[PDB]
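Novice: just dropping in an experimental structure and the matching sequence.
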Amino acid sequence: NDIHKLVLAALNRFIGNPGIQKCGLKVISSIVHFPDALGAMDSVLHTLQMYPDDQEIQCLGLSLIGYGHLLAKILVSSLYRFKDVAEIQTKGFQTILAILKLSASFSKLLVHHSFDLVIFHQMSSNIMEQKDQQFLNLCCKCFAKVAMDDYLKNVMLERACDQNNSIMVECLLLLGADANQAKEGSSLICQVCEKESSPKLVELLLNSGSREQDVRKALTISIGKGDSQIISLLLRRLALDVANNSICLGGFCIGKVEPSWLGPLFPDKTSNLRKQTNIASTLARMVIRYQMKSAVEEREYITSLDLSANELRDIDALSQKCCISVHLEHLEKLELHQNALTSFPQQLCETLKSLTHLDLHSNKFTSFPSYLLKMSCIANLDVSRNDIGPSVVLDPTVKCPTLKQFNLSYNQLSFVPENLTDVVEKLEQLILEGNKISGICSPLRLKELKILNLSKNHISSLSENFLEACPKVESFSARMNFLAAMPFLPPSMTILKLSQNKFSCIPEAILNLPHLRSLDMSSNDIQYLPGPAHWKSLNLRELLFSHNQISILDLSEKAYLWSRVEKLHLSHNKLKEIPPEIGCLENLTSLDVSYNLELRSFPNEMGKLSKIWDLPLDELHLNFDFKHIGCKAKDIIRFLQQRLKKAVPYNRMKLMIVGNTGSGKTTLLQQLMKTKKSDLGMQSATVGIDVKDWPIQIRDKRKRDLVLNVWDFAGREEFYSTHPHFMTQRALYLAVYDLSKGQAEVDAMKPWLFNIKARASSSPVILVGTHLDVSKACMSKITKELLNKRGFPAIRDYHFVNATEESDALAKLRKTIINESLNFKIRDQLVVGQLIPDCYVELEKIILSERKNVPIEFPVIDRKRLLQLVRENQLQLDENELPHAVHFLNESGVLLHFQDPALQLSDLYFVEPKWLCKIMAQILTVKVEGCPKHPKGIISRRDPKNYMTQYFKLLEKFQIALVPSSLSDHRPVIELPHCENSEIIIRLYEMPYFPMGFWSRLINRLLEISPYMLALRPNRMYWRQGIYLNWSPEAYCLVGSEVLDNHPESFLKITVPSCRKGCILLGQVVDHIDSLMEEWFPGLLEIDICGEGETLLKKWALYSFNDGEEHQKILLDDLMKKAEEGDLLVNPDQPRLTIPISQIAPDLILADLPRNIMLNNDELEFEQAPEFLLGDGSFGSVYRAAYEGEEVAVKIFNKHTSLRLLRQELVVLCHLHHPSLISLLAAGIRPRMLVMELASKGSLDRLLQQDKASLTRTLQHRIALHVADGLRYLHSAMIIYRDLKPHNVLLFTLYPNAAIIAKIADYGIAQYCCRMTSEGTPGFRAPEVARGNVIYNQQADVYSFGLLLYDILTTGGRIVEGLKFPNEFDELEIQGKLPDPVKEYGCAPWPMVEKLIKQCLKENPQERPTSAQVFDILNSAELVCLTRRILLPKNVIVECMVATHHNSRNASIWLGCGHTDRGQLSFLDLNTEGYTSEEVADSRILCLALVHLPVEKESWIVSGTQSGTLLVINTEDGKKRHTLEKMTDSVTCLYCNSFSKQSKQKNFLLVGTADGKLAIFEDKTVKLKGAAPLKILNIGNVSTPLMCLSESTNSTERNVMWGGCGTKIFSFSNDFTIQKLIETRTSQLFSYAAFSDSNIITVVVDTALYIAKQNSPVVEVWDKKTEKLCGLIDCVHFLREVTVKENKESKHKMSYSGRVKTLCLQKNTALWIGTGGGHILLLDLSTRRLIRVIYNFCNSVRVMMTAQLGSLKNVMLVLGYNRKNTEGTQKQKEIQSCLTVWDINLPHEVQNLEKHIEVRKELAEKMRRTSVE
Ligand SMILES: Nc1ncnc2c1ncn2[C@@H]1O[C@H](COP(=O)(O)OP(=O)(O)OP(=O)(O)O)[C@@H](O)[C@H]1O
Ligand SMILES: Nc1nc2c(ncn2[C@@H]2O[C@H](COP(=O)(O)OP(=O)(O)O)[C@@H](O)[C@H]2O)c(=O)[nH]1
């Protein structure tokens, strides 16, 4: 057995190459076994290539391969060269199967070469029906290991769609292999429609995962070609809402519509298709089996037809008699707006006889057809942007009465349509705005006009008989016309709007309308507003009269006659004062008297108008300072009411003495106050500010004892960083010389005066000489020569007192100070004696008394102490008065309190400010003469009981920390990386003198902004007056401070590299340098028109033509360059060369922002001028236009937004980028505009207020989900939206299964966070937001979301009910008492979101779910399907139920009883939900059934009980009851079949008793007492109880009936004989016995049989023909996979409860397992086993069945239990039978919705890539 034959034989078969191999292969094959020999592979591989094509050796070679990659290259090339020659593929696939199981990666090599080319042919060469089961098993075992790698699956699928092969592509889809992965721009469907594939190949790709964007691209592709079966399949997945009967073809750019496409979109009753793709499912099952083996041991015609944006240049293609010309006749909605049609085809407009919302606007019509009106039942005919000819006369041969809303907006009309009165009788909303109507109108004999309109026409006037024949007009509104009077308006008008006309007085035809409700006459030029005794109408609510010329506001005559008025707009008028009689209009809500410039006072009466929630105060001055951080137009009412209580004059002023390093300040203050003592013989230099107070009872006729508090500020320069905090605008400043250095010190005093002009422009100053004893008195020259009136504040006197002892000059100084104080008069208001409520004075008195009762070590007071001291006294202040009270007392120098939220010490109140000011200056004077270990100025924590904490918890909040004062005045030498005059940008800030606390606060605002260029911090070396922070030679910034020679001013040089990151630096630094100047120093950037516009702040820009070595930088004032905005480049008088403005000031042009949002004005196809393109927003500011070839909405800004604010909003708006957020596209200048995405379907509120019929209980869910996603993104980005209303939800499409539906407008947060409606709209407002007491939170956005959900659910019921009653529309919901959605409004109960509402409607803020949860609770797919739960009365046990489908109008679900051992039928309606009880049997009833008789029109209802007493009772009559034959054993199942075997309609009844005896009856024989059983079929035994029944899935088998009996299922037919006796206990796969060795419980008839037994946690799947257990599907095989982490106690529940308590099978989609536990299972019976388990809604799913209710057919009822162990210790449980009603369409949603999230999650990331780059 051992010789050297092996080597000789191998080598001789090698050399013997022409024709020897036939025997050599046989020899080596024979020898490969015996010694188990081990260099032949290469040669036996070589012989194949050296001599192919010989079958007899090919088979042998394949047989010997099984005993480098080129191997594979020969293998398939062999099997492909012999595709189907013989069973040599067997040997081949054996070879592959052998090779893969030892070399896994080689599989990837096989698919590398060609393996698909042969394996697909093998699996598709009709191997099925060729009984080669062993061979196919071999191929499947091979493939299972081939498709191990998922990437191999994806590439195999890619190459399997290249060659059209439906069966294998389906098999691969069932095996995973997602179909949206190829290229994302040319992914599967794109080429599959390019390569001219089959309809079945496209349908399978669409049905599974295929991204919608790719589907749209493929639709464009398949439009390119002419295909009629692939187009109709793309539309059927892109645009069809079967639940709503719609076609949402809106956004698509279909070039032309042809009926051969929409043919199959319309429903077709004939559509019925067989099951031939079962081959693919079987192969998938085999592959899955082999994979897990390799894994484990090793009517209703659709109505809405939307064709909006498809640029249909013609629609004639549907007018013909084509395939769909019979489905169109019941359309009832047709949208053709925004196309480019013309001449609607006459044949079409009579083809469809049921159309009622035909709207086709923005088309290019040129003649109103006048044959559109011959349709049968038409309404809302809408042609509203076409170019309708000059006249639109309606032909009088049409008598169409049904028209209701005949819109004709924005045409080119020249007349009212002529023959309305003879054609459109019942017309209601005749709208004719935007036309060019010129001549006087017709008498207009319309009998039913309800809302006319004539806006923007050119009307001369109205004929006196214009409205004399329209007795129901309600809303005549002729805006923007040239109108002079009104012609006897009918007495029925309610709302009348007449703005922008030319009146001179309200025509008396308006003053007498007996029901008028609102009257808007803005922009008129009227003179006299008649008093309320001229209006004759008890119901005036709105009186809009802005922009008129009104003198008086007459209310003295009779004010209560306007007691209901709720809106009164009087802005832009010549008003003088508000009469006190305004205090009677209690129902006032929104008063507006702004922009009057001549009002100057508010009467104390207005404090009684507590309903006011807004009150603009723009451009008018009052007797008090408003808008501190409060004064929200509501606290003002509290102030005006408390001042009504008791108004006293307030005498207290501020006299801020100011000096410089030494003067008569303290020795002049201690002489003004006449302080005799000055006990310190030599007082030393001042620390801090040293507030003192001194009363002055002026001993004169004016007994006003004024108390002005002196703050003798610090002289020495060291304290100069904090002073601008103690320089308010209400003061009387002094200043002092020390005239010893006369005419030289007076120069050095210049900065001080400048700062006084910087902080308080309108504050008086008094110079005071301080020296006559020390000698130069000609100083009055220079103060009159230089110092007086050139950029320095309003000097009003000057004196020369000695200031060491009393003097006549000192007395004159006293008199001057007193007379200057009492005559202050800012805005002509006389500050010194203004009126305040006495409550403030009382609080001031008690605080002053408290100042002697405070700990010296810590003079602070806690807010608790203050709220205790208000209780100690009898103060009339609430928690809403103090927020203004303490601020006002801060203004008077009593106590400093800081309301700044960032400064987290607002809880502290610093009574005795003379200690806070003294302590804040201790650090600035403590030095360290030890070791200068750190550079001069930087320091760490180096100093009592916890006071060290608060000291620097104030000081660095005070931005003293590193002390920016006494910090290296001399600048360290710095050199920029590039200084070549052309890579840098430079901007100046020339100002006459740096203000006091400028650099200290400037270097502290630039400093802490670390995330520049977005978190990489820069290196910075910052002296007193510079920073120079740099990241690289590519990004740096030097905010220097130099003085150029021969320039006594002081500049602020900024240098930033001209790179792209540089412009970001420059913009973000100029913002922080400009916002400061207008926040603290409003005097500087105050253009003084008196004199000239110096502005004291000449922000230059430096630009140079000569790139590098320009030898000089050319100045340009920033304002004048901003005037050069009409262009984009600058150029000198020499125009050949020029500089780009985007390079010398990239902040003015919006270039610092991410460059992708640059305007690109060239591609903007936009027309601001027209108002028909204003369509977005009623007379708003957001238009509609085209850009980049797509429709987008521009937002033209008015003159309000300063460009700096626009940039401040764009910076935050530009990096949100979420699929549920309105995203920017471009923004720019010329004009100052903004472009965003066009929300096609407009705001939500419109949709839910006039189009309720589209919200469909699954769009009302997608909208809420998308809005919750928006909030969850915002709240994660740490910004609260603060105002969310159905006015701010912008829809995109009404097709439910879309990727982007709802999108909240995010411009609100920009407009909010830029300029700080922050309190939110009244109705849509959280409880903490209306009261305004508490600082706000995310829990207010959550409450706003709750209200949004409530409005969506009721579909605009609350909004409509509140627009007539707003003052309750807010206050009823301000407490969470808004009513139950179901009782007040008709709505689908939807009771899983009602709990969401009542959780988001909790008053406690942090008790409301956070936004992430309220999105993750809507993400669940079992709230979009649950429809209503009915907790039955307390402790009722019910175990049986039957529905009613014969009366499908309103149905009642008849239940049984288990709580009584004796029988009782338990009726239960659904629309009333009223349970009733009626004992009818003497023994507990077990089941019921419905036998409806087509004759006599009744539905007898039958009931089988445990006693066998088979009861029958009539539907309506509960008295005509006759029990039939008393049965022998317990009846267990009743059933009503479909057995029409007698050539007529026929039915029977089955009585399943506990023994098997089939007591069958007939449909009609139920009436006679003791019915007659036709065929008494005793089937089972006494020990084998008949326990279940079922019926066939199809009707082609003549409804073969199947019933379970004992443990053996049986069946019969019209023969009524047992056709099979299948036995289940005799199973050959015992995992356990009693799961099959028990009585049957359920049976379902389908392609297979699914069966369960008592307490069987596994279901058995038999076949009808083979009678084999083809399936064994275990329940805990699914439950114990989700109950792994969420149930840790389940580890103790190994003896698990949980089993199949009932079956219920859907038609062909899935199967619903009802567990004996508290769970339910979805089973996709075709491919994948578990779809979802929906638990935690009951505890025991007892009964389940299918039914139909009220045209909402096919619902699934689930009678489960919820036991309460309230007294479980008493061995009793509290039972609630929680009957629920799921919508049977659940198994789709749960797999549809879980796709929908994924599609957005990807979009949630891809969008955030644009934020990166
Ligand atoms: N991108 C858009 N697409 C379609 N409609 C829009 C878009 N943006 C805004 N609108 C609509 O235009 C209307 C006016 O917008 P606007 O921002 O003026 O509303 P507003 O903020 O309530 O009014 P205001 O700014 O005067 O307070 C709104 O009804 C909004 O629905
Ligand atoms: N001899 C004399 N001394 C004066 C006169 N006016 C002010 N002084 C001196 O100025 C000092 C007051 O210091 P002061 O300016 O209040 O300190 P500062 O507030 O920190 O700048 C006193 O010590 C006086 O000696 C004056 O008219 N005559």
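Specialist: Perfect, I can see it now. Residues are numbered from 1 along each chain as shown. Ligands and ions are numbered 1, 2, ... in the order given.
Novice: and the residue nearest the centre of the chain?
Specialist: By C-alpha atoms, centre = their mean, the mean C-alpha position of the chain lies nearest to residue 1267, the distance being 2.9 Å.
Novice: so it sits right up against residue 1289, yeah?
Specialist: Yes. With contact defined as C-beta atoms under 8 Å, residue 1267 reaches residue 1289; the gap is 6.1 Å. Bear in mind the C-beta positions are built from the backbone N, C-alpha and C, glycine included.
Novice: now for the two: what residues contact both?
Specialist: Contact criterion C-beta atoms under 8 Å, 6 or more residues apart in numbering; residues shared by residue 1267 and residue 1289: 1302, 1304, 1348.
Novice: burial count for the last one?
Specialist: Put plainly, it is residue 1348. Neighbourhood size, residue 1348 [other C-beta atoms under 10 Å]: 24.
Novice: next secondary structure element downstream of the helix or strand hosting it?
Specialist: If you go by DSSP states H and E, residue 1348 is part of helix 1338-1354. Following helix 1338-1354 in sequence order, the next helix or strand is helix 1358-1363 (DSSP H and E).
Novice: and the residue of the stretch 1701-1813 of the chain found nearest ligand 2, what are its phi and psi?
Specialist: Closest residue of the stretch 1701-1813 of the chain to ligand 2, C-beta to the nearest ligand atom: residue 1811 (54.7 Å). Note on residue 1811: its backbone torsions stand at phi -70, psi -40 [degrees, to the nearest 10].
Novice: shouldn't it be in contact with residue 1215?
Specialist: Yes. Counting by C-beta under 8 Å, residue 1215 is a contact partner of residue 1811 at 5.1 Å.
Novice: of these two, who's got more company?
Specialist: For the pair residue 1811 and residue 1215, the greater number of neighbours falls to residue 1215 (15 against 12), based on other C-beta under 10 Å.
Novice: residue contacts, that one?
Specialist: 1154, 1811.
Novice: again, only using 6 Å
Specialist: Each residue near residue 1215 by C-beta atoms under 6 Å, 6 or more residues apart in numbering is listed here: residue 1811.
Novice: part of a helix, is it?
Specialist: No. Applying DSSP: H, G, I helix; E, B strand; the rest coil, one finds residue 1215 to be coil, outside a helix.
Novice: and which of the shared contacts of residue 1267 and residue 1289 is nearest to ligand 2?
Specialist: Out of those, the member with the shortest distance to ligand 2 (by C-beta to the nearest ligand atom) is residue 1304, at 58.2 Å.
Novice: quick one: contacts for that closest one?
Specialist: Here residue 1304 is in contact with 1267, 1270, 1288-1289 (C-beta under 6 Å, 6+ apart).
Novice: make JSON lines out of those and add secondary structure and distance to ligand 1.
Specialist: Listed next are these as JSON lines, based on DSSP: H, G, I helix; E, B strand; the rest coil; distance: C-beta to the nearest ligand atom, whole Å:
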{"residue": "1267", "secondary structure": "helix", "distance to ligand 1": "14"}
{"residue": "1270", "secondary structure": "helix", "distance to ligand 1": "15"}
{"residue": "1288", "secondary structure": "coil", "distance to ligand 1": "7"}
{"residue": "1289", "secondary structure": "strand", "distance to ligand 1": "9"}
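Novice: farthest pair within these?
Specialist: 1270 and 1288 (10.2 Å; C-beta to C-beta).
Novice: report all helices and strands that the helix holding residue 1348 contacts.
Specialist: helix 1259-1276, helix 1394-1400 (3 or more C-beta pairs under 6 Å, 6 or more residues apart in numbering; DSSP states H and E).
Novice: how far does the longest one sit from its chain's centre?
Specialist: On the basis of C-alpha atoms, centre = their mean, to the nearest Å, helix 1259-1276 is displaced by 4 Å from the centre of the chain it belongs to.
Novice: residues contacting the helix or strand following it, please?
Specialist: On the C-terminal side of helix 1259-1276, the closest following helix or strand by DSSP H and E is strand 1289-1291. The contact list for strand 1289-1291, computed with C-beta under 6 Å, 6+ apart, reads 1239, 1241, 1244, 1302-1305.
Novice: can you do 8 Å?
Specialist: 1222, 1239-1245, 1247, 1263, 1267, 1301-1305, 1348.
Novice: now, those that are in helices?
Specialist: Using DSSP state H, the members of these that fall in helices are 1244-1245, 1247, 1263, 1267, 1348.
Novice: and the residues you listed, which is closest to residue 1635?
Specialist: residue 1263 (46.7 Å).
Novice: for the nearest residue to residue 769 once chain neighbours are set aside, phi and psi?
Specialist: Nearest residue to residue 769 in three dimensions, chain neighbours excluded: residue 800, at 3.5 Å (C-beta to C-beta, 6 or more residues apart in numbering). In terms of degrees, to the nearest 10, the main-chain angles of residue 800 are phi -140, psi 50.
Novice: residue 800 and residue 809 touch, don't they?
Specialist: Yes. At 6.4 Å, residue 800 and residue 809 qualify as touching, with contact defined as C-beta under 8 Å.
Novice: quick one: which of the two has more around it?
Specialist: Remark: of residue 800 and residue 809, residue 800 carries more neighbours, 20 against 16, as counted by other C-beta under 10 Å.
Novice: for that one, what are its contacts?
Specialist: Residue 800 neighbours (C-beta under 8 Å, 6+ apart): 739, 768-769, 772, 777, 809.
Novice: what's the burial count for residue 1164?
Specialist: Residue 1164, neighbours per other C-beta under 10 Å, totals 17.
Novice: so for residue 816, what's the nearest residue that isn't a sequence neighbour?
Specialist: residue 797 (5.3 Å).
Novice: and that neighbour, how far is that from ligand 2?
Specialist: Noted for residue 797: a distance of 19 Å to ligand 2, by C-beta to the nearest ligand atom, to the nearest Å.
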